[PDB]
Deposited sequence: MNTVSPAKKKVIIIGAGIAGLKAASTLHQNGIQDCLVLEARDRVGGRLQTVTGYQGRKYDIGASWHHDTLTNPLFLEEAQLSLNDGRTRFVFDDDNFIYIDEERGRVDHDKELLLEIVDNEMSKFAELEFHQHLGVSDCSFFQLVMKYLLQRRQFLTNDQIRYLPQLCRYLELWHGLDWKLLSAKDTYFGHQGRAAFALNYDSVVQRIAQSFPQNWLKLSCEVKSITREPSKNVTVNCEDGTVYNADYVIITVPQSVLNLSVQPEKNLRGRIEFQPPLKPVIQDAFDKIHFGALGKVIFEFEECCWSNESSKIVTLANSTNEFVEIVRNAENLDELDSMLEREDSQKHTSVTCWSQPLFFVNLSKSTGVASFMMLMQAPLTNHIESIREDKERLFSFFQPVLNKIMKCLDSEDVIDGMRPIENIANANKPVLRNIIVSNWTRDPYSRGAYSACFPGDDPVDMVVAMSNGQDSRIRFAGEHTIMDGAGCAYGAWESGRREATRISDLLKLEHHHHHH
């Protein structure tokens, strides 16, 4: 029961940490995972007829700089096996009443969207001391400043188009920090085929007996006797020189709350430092969610792999923008316009057309908080799911030269065979999708507190513990490498 290093969590951060420790000659380590599987928020599920889908992470982002992707790419150069596809495409944008709205010669929405993004960059990325605000408020500020140079249809539709950013963060635009909204992407993203192959390679790169599944860690204690004690729910006790904690930010947040009996919650003694505890006030957790619609066969146009459905907009909104004297006045007018039920048209949805990129007759749809929570709470009511998404699904088919969807879950018409829904908001070992900023948040606080450790022996890794690739699989992966490398170096000094 005496270990060099114990890693809590077998997601990509934990797996890479173990892989790195082995690579550096470190022996007698343990990876403790609460689930009966490795991978954490990397999970590939099976659906209709053995079709595979990533229900967690699915893209390699930032392929110009992503060190994890580059490893996959180099392997692919050496054996010629396909591990990923570049599915970056020209976005189709769909409004309920107007239909297709992308690449329009009069609307030119993509062009004003870039100006909007330039506006956002200029608001923050030249200055210092600028107050943060919601993404919604930033768009309203843009419209107010540029209305003289925008058509009515541009004012109506542009705010709904730019909300695709909600699906980068997993948050509604009024919940989302403007300051953190517009980050740069370092090149195209590559769709993983699939992430389980990445997980399995890393998992196989260290001794297989290090791994302990179905092992929920319940407490971690530092005796002044240097060593760290790790208590598991099964009553097992371990003693380690070092400890790398990779549980999600959301699960870690449970430690600073009194209720002990929460699933996933780790009791720290001595308690997590105030800098760590206070950092939870300045960073939050988004809820990107996924729904997979599996069809019998593709009878729609494969013009694009990328399709976004726009939430409904109004002409009354345009009149309000043109008539408002200032931001404050704009806020008042929009409130009185507001004063129904959430539908599939209440928010933007991002649909990936897998038929074009992978040859599979399915759509992978991304949704955001607060929709994600409501949908995941009914993930087993398939009739109710179909009735909710039916209007957007039918509008999509229409715009893709096809016809209305037929419910075949129990000609050239699309037949829906199965629906798969994510569970991240309800799973106690993830409790949401990934770290995300509300207006006023400062992610650098958490990253600093996390990467400086609780003490020299108690360390942290994971998507929420690093700057580059923050929120992303490659950031989690790098953070794991980081902590293991540090510990490797300290261990050889003995």
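Residues of the deposited sequence lacking C-alpha coordinates, numbered from 1, fall in the stretches 1-6, 346-348, 420-426, 511-516.
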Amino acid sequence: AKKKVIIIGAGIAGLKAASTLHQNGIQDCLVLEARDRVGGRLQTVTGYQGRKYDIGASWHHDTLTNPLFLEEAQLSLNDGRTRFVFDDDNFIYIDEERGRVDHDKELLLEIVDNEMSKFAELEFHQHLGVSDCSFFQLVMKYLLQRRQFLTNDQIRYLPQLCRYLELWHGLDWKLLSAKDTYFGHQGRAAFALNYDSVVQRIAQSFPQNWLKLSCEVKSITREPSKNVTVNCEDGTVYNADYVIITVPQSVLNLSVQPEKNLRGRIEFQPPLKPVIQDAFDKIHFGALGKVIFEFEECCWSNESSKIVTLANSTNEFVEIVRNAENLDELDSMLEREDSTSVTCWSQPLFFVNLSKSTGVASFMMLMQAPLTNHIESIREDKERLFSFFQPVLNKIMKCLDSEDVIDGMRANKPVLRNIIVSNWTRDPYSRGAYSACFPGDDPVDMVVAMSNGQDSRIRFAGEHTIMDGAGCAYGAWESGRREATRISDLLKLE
From here on, numbers count along this sequence of modelled residues.
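The PDB entry records a higher mean C-alpha B factor for 390-398 than for its counterpart among 138-146 and 390-398. Of the two stretches examined, 293-301 and 106-114, the record assigns the greater average C-alpha temperature factor to 293-301.
Which of 151, 82, 249, 309 has the largest Cα B-factor in the deposited entry comes down to 82. Across the options 366, 287, 203, 237, the residue with the most elevated CA B-factor in the record is 237.
Ranked within its chain, residue 484 lands in the highest third, by CA B factor from the PDB record.
The deposited CA B-factor of residue 6 belongs to the middle third of values across its chain.
Among all modelled residues in this chain, the alpha-carbon of residue 433 has a temperature factor (C-alpha) in the lowest third. Residue 277: CA B factor in the middle third of modelled residues in this chain (values from the PDB entry). Sorting the modelled residues of the chain by their CA temperature factor places residue 374 in the middle third.
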